[PDB]
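>>> kindly return the folded structure for what I paste below:
(chains A, B, C and D, ligands or ions: 6)
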Number of protein chains: 4
Amino acid sequence: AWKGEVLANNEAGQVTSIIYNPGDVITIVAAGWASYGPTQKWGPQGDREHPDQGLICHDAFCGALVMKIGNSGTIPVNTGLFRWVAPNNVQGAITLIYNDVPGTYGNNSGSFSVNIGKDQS
Amino acid sequence: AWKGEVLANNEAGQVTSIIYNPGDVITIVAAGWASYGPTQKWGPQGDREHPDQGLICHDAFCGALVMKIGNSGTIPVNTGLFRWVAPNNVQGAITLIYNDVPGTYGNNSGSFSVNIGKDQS
Amino acid sequence: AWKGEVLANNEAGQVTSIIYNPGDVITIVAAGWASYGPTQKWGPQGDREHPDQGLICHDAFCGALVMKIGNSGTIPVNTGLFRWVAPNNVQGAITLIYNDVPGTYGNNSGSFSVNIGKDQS
Amino acid sequence: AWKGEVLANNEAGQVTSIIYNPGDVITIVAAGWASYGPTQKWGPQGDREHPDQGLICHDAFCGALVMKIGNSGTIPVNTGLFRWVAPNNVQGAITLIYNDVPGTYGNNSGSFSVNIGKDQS
Ligand SMILES: N#Cc1cccc(O)c1O
Ligand SMILES: N#Cc1cccc(O)c1O
Ligand SMILES: [Ca+2]
Ligand SMILES: [Ca+2]
Ligand SMILES: [Ca+2]
Ligand SMILES: [Ca+2]
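Numbers count the residues shown, from 1 in each chain, chains lettered A, B, ... in the order given. Ligands and ions are numbered 1, 2, ... in the order given. Take a look:
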């Protein structure tokens, strides 16, 4: 299993120790509070109201937790994933990233605490 | 495992099929958008700015997901629990409940989608 | 999980710390060599050529590993059980026992090494 | 999980669907009766009394269940493996094989029923 923190102001995201292999079943639970700029903070699903001005993940809200598996496109995580299997032809290290617009991470604050483990399959 | 919806306006809570037994390790993942009255909706950690006006769980924000296990008090769930073991002598059916003040559930809207499973132990 | 030895000469059986509860999925792996009397030894499926002369479990060979769950009748374990669920209304502490004739355990020797764990469900 | 049979007379062995990857925890349960030639049959630990006349696996008895992981040598499985991590960081497809002398599989009979799964990690 892997446990760690993803900072909202880290545009590169945090690589985890989890290498996703074909057929792996994984669980993710994310918690905590972060902001893309405003004084209000949001949970790992982000801010439902905020328009999309070029987010790294168009399938999630601004301020949501997303991931890459190896060199994949962004995948929404939000609060987490329950005994989840990735699409065909996605494999490699899981990287966790705060969903914001490239070049706009400098005014971000807070972080999410994340647990990931592989499940029985 | 158990999957289902926990309506924010459901004061009695949602009874699951899960009986928590001594030594059980469980995982809960909760997702979605709910409100205790306003247009704005919050995720399963609730509204970190809202005062406690007599919440059924004083250890979680207004609009958080909480649970009872048998004869237990309310226990915070928020976004979920990763490979979690209950306190000593806590056992019985899991009921999930939206965290609001008794008598104030009628103006609530939306729901959380919740997955509960027992893990390897 | 539980790990230990089940001696062939133990008529009372080996009490494990594992309480089987309704809906539990369990895995048992058993290994090793034991005898009901002769100088030869058999594995956990016992001696397929020995007649049943009053075995505690008529559904397993003499020198097989069997079990009770609470005060159930004996249930064959043999080499083990993979992600196994008990019949309805069977619950309680797992006792592991060597399959022999009551009052004839005294000339037995050797032991099986046994692992039990609860699986994701 | 993979569920199959290993025929005692199959010299090439049974390729499974299981790809063992680094960090994987696996459980195997093997059951049944098989012969390397004689009328008698043995369980998955094989015949403890038989010499090694050129077995494919030199640290398991004649008539035992053994496996290869990718490019590994033969690894003893016997009655099975409980939440087991492969030594030497081996990886690749699991092949199951009955332990007999190469060129002598023609007179074998019976089969082992085998279940393999990946476990929580
Ligand atoms: N907490 C709270 C609360 C206070 C007033 C009215 C409501 O509907 C509420 O949910
Ligand atoms: N071990 C062995 C062996 C030796 C001779 C003939 C066989 O069929 C065997 O299986
Ligand atoms: Ca920003
Ligand atoms: Ca309300
Ligand atoms: Ca005896
Ligand atoms: Ca042969």
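
>>> which bits of chain A sit near chain C?
Counting by C-beta under 8 Å from any C-beta of the partner chain, the residues of chain A close to chain C are A:83, A:119, A:120. (C-beta placed from N, C-alpha, C; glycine too.)

>>> in three-state terms, label the first one for me.
By that I understand residue A:83. strand (DSSP: H, G, I helix; E, B strand; the rest coil).

>>> identify the residues contacting it.
By C-beta atoms under 8 Å, 6 or more residues apart in numbering or on different chains, residue A:83 lies in contact with A:25, A:26, A:27, A:119, B:1, B:115, B:117, C:120.

>>> how about the host helix or strand of residue A:94 as PDB, C-alpha atoms only?
Using DSSP states H and E, residue A:94 sits within strand A:92-98. What follows is strand A:92-98, C-alpha atoms only, in PDB (Å, rounded to 0.1, in the frame of the first residue of the first chain):
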ATOM      1  CA  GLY A  92       3.000   2.200 -15.000                       C
ATOM      2  CA  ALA A  93       3.600   4.300 -11.900                       C
ATOM      3  CA  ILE A  94       0.600   6.200 -10.400                       C
ATOM      4  CA  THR A  95       1.100  10.000 -10.200                       C
ATOM      5  CA  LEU A  96      -1.300  12.100  -8.200                       C
ATOM      6  CA  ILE A  97      -2.000  15.700  -9.400                       C
ATOM      7  CA  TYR A  98      -4.100  18.700  -8.300                       C
END
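
>>> measure residue A:59 to residue A:78 for me?
10 Å (C-beta to C-beta, to the nearest Å).

>>> counting neighbours, go ahead and name the busier of the two.
residue A:78 (23 against 13; other C-beta atoms under 10 Å in any protein chain shown).

>>> what's that one sitting at in phi/psi?
phi 60, psi -130 (degrees, to the nearest 10).

>>> grab the nearest non-local neighbour of it.
Among residues not flanking residue A:78 along the chain, residue A:45 sits closest, at 4.6 Å (C-beta to C-beta, 6 or more residues apart in numbering or on different chains).

>>> list the contacts of the residue lying closest to residue A:71 once chain neighbours are set aside.
Spatial nearest neighbour of residue A:71, excluding adjacent residues (C-beta to C-beta, 6+ apart): residue A:92 at 6.8 Å. Residue A:92 is in contact with A:19, A:20, A:69, A:70, A:71, A:72, counting by C-beta under 8 Å, 6+ apart.

>>> so what's the residue nearest the centre of chain A up against?
Of all residues in chain A, the one closest to the mean position by C-alpha atoms, centre = their mean is residue A:66, 2.5 Å from it. The neighbourhood of residue A:66, defined by C-beta under 8 Å, 6+ apart, consists of A:56, A:57, A:60, A:74, A:75, A:76, A:77, A:96, A:97, A:98, A:99.

>>> hmm, which of those residues are the buried ones?
By neighbour count, with 16 or more other C-beta atoms under 10 Å in any protein chain shown, the contacts of residue A:66 hold A:56, A:57, A:60, A:74, A:75, A:76, A:77, A:96, A:97, A:98, A:99 as buried.

>>> now those residues in CSV, with distance to residue B:40?
Below are these laid out as CSV (distance: C-beta to C-beta, whole Å):
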residue, distance to residue B:40
A:56, 25
A:57, 22
A:60, 18
A:74, 25
A:75, 26
A:76, 21
A:77, 22
A:96, 26
A:97, 25
A:98, 21
A:99, 19
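
>>> what is the nearest of these to chain D?
Of all the buried ones among the contacts of residue A:66, chain D sits closest to residue A:96, with 18.4 Å by C-beta to the nearest C-beta.

>>> residues near the closest residue to the closest one other than its chain neighbours, how many?
Among residues not flanking residue A:96 along the chain, residue A:6 sits closest, at 4.3 Å (C-beta to C-beta, 6+ apart). Using other C-beta under 10 Å, residue A:6 has 25 neighbouring residues.
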